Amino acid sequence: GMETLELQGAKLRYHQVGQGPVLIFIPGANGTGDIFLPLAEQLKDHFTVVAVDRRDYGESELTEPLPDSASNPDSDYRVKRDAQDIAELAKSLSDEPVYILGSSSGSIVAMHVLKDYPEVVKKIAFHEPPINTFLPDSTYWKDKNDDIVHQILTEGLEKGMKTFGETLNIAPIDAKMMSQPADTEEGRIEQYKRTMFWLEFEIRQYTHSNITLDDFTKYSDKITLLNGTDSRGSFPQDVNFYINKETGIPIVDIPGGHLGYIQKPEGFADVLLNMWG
């Protein structure tokens, strides 16, 4: 049971309890306002307490995708959008400037609220801010954070890729090609992220989707099943053999493995041309 404020690109959800001046709590790394709710119990006699789920977290939901650039460590999109969210929330809840407390990265949102929308701040508390930009050694801390994040994300993706590799039962010609890594750290990372997306959002949904053999017999005349010559014994060939066994739909052998259309493009083309020429 949370309140909603619809904003450009997101539905912002927040908790609210109590009476008095508005006091907005901006969460840090956990992103959600439930973490303030025991504190809110202590304050509801003297403040109208508002604990926000920031738009990328919790019960808040995006209505437009994040820009592709938000993964750049130099992007200012999210922090500025979060600060605008707090300012429009303040404005919906009172006509007088409100109290604001942010913790950790949420204290950084708070600082951007004060910088860009000072008119909404009556008083503000920055609880243990980890901002480094104005520090004498800001370049060191920025580089250190960047190395830490890269290490965490890289080790997690590498473990996922290693475990994926442990399950793979694939043909040698495909394994050669599947092992070719991109030429930059960023491109390898993108390959890993793409694999993780396919695993979570595609393989189960598509391989158990609603197709029956009756869907194929209705138009059997249009269909050709293709098995690679270099991928024999693999599970997808067994699928084609079953379709063919039960429908009579023809199997055509074609050069290469599961990736035969890039392994042996000339031979693959020759078969397609025979099939459909």
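The term rigid core refers to the maximal set of C-alpha atoms that superpose within 1.5 Å between the two forms. When you see a residue number, it is the position in the sequence shown, counting from 1.
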{"item": "RMS CA shift, core-fitted in 8 other deposited structures of this protein, bigger for 205-213 or for 46-54", "value": "205-213"}
{"item": "Stretch departing more from the displayed form, 79-87 or 183-191, Cα RMS in 8 other deposited structures of this protein (core fit)", "value": "183-191"}
{"item": "Segment of higher mean CA temperature factor, 256-264 or 15-23", "value": "15-23"}
{"item": "Stretch exceeding the other in mean C-alpha B-factor - 63-71, 43-51", "value": "43-51"}
{"item": "Highest-ranked of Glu119, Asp76, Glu128, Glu202 once sorted by CA temperature factor in the record", "value": "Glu119"}
{"item": "Where the record places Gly31 (Cα B-factor, split into thirds across the chain)", "value": "middle"}
{"item": "Third of the chain's Cα B-factor distribution that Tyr206 belongs to, per the entry", "value": "lowest"}
{"item": "Position of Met111 among the chain's modelled residues by C-alpha B-factor, lowest, middle or highest third", "value": "lowest"}
{"item": "Ranked C-alpha temperature factor of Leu226 among modelled chain residues, by third", "value": "lowest"}
{"item": "Chain-wide C-alpha B factor ranking for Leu101, given as lowest, middle or highest third", "value": "middle"}
